[PDB]
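Report on one structure; see the data block that follows.
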Amino acid sequence: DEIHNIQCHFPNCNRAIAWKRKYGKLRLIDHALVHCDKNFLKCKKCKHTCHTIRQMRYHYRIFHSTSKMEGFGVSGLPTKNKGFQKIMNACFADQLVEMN
DNA sequence: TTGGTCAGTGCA
DNA sequence: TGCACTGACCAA
Ligand SMILES: [Zn+2]
Ligand SMILES: [Zn+2]
C-alpha cells in the first residue's frame with residue numbers, strides 16, 4: 001500500500017496522480033472530472049453546479065461557510081449516468097471498474 | 001482569487 | 001478495505 005503514480009489516460013493529459021489503496025477512488029474521479037464539460041456536481045444548499053468535487057469543496061468554503069459538505073462520495077455521485085461513465089473510463093478505467 | 005494537486009485517516 | 005471527508009502548498 002505504498003504511493004505510486006497512476007497515469008491519466010485522457011487524450012494528451014500528462015498528469016499522474018499519486019495513489020494508494022487507502023485513498024479509494026474519489027481523487028481519481030475528481031481528476032477525471034477536470035476533463036468533463038458537463039456539470040455533474042450539484043450543490044445541496046443552493047442551485048449551483050460545477051465540474052469537479054474539488055470545485056464543490058471551494059464552493060462550500062466560500063458560499064456556505066457554516067455548512068458541512070455532505071454526500072459527495074462515490075455513493076452520492078451519478079455513477080450510473082452513461083456520460084459520467086464515459087469520462088471515468090477515458091481516464092482511469094482500470095481503477096474505476098468496481099465503482100458501481 | 002480559484003482550485004488542481006499532495007498528504008492524510010477514523011471508522012464502517 | 002476503502003469510503004468520504006480533513007488541511008494545505010502553490011500554479012494559474
Ligand atoms: Zn487527466
Ligand atoms: Zn451552493
Side-chain angles (χ1 to χ4, degrees), chain A residues 3-97 99-100:
Chain A
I3 295 290
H4 44 290
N5 286 348
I6 300 178
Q7 186 42 60
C8 177
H9 284 154
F10 195 75
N12 293 345
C13 182
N14 294 316
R15 182 74 225 178
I17 306 287
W19 193 76
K20 77 185 157 150
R21 274 163 273 275
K22 198 160 157 88
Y23 287 177
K25 287 168 195 55
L26 200 69
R27 84 184 53 206
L28 300 181
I29 295 167
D30 204 14
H31 176 86
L33 290 173
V34 167
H35 302 299
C36 186
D37 71 304
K38 303 293 243 163
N39 288 300
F40 292 114
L41 275 283
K42 162 62 154 233
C43 180
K44 299 182 156 68
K45 309 300 287 174
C46 78
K47 291 163 207 229
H48 188 75
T49 69
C50 59
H51 300 293
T52 66
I53 297 148
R54 170 67 173 113
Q55 283 157 20
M56 180 73 54
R57 284 191 76 184
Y58 189 78
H59 178 68
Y60 269 75
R61 193 177 100 102
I62 304 296
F63 284 98
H64 308 298
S65 57
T66 67
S67 310
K68 220 284 198 296
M69 196 184 144
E70 248 158 36
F72 288 96
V74 168
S75 55
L77 295 160
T79 58
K80 309 214 73 63
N81 178 286
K82 281 229 270 223
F84 192 91
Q85 277 160 14
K86 196 171 185 209
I87 308 272
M88 300 306 98
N89 288 318
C91 296
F92 299 110
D94 302 330
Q95 296 78 27
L96 304 173
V97 283
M99 195 173 45
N100 296 249

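Chain A is the first sequence line, chain B the second, and so forth, proteins listed ahead of strands; every chain is numbered from 1.
Looking at the side chain of A:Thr52, the nearest of the listed nucleotides B:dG4, C:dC3, B:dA7 is B:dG4. Nearest nucleotide to the A:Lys68 side chain, out of C:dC5, B:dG4, C:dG7: C:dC5. Residue A:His31 has its side chain nearest to B:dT5 when only B:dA7, C:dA4, B:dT5 are considered.
Per the geometry, CG belonging to A:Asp30 stands 15 Å off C1' belonging to B:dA7, to the nearest Å. Whole-Å rounding puts the A:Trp19 CH2 to B:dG4 P distance at 21 Å. Atom CD in A:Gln95 sits about 16 Å away from atom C1' in C:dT1, given to the nearest Å. Straight-line distance from the CG atom of A:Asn14 to the P atom of B:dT5: 12 Å, rounded to whole Å. Atom OH of A:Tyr60 is separated from atom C1' of C:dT6 by 16 Å (rounded to the nearest Å). Rounded to a whole Å, the CZ atom of A:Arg27 is 10 Å from the P atom of B:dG8. When rounded to the nearest whole Å, the span between CD1 of A:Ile29 and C1' of B:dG4 equals 16 Å. Rounded to an integer number of Å, the gap from CG of A:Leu41 to P of B:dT2 is 17 Å.
Note on A:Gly71: only backbone sugar-phosphate atoms sit closer than 4.0 angstrom, heavy atoms only; bases stay farther off.
A:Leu96 is not listed as a side-chain neighbour of A:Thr79, based on a closest heavy-atom distance of 4.5 Å or more. Taking the side chain as every heavy atom from C-beta outward, A:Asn100 and A:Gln85 approach each other to under 4.5 Å. Residues A:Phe72 and A:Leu26 fail the side-chain proximity criterion, which asks for heavy atoms closer than 4.5 Å.
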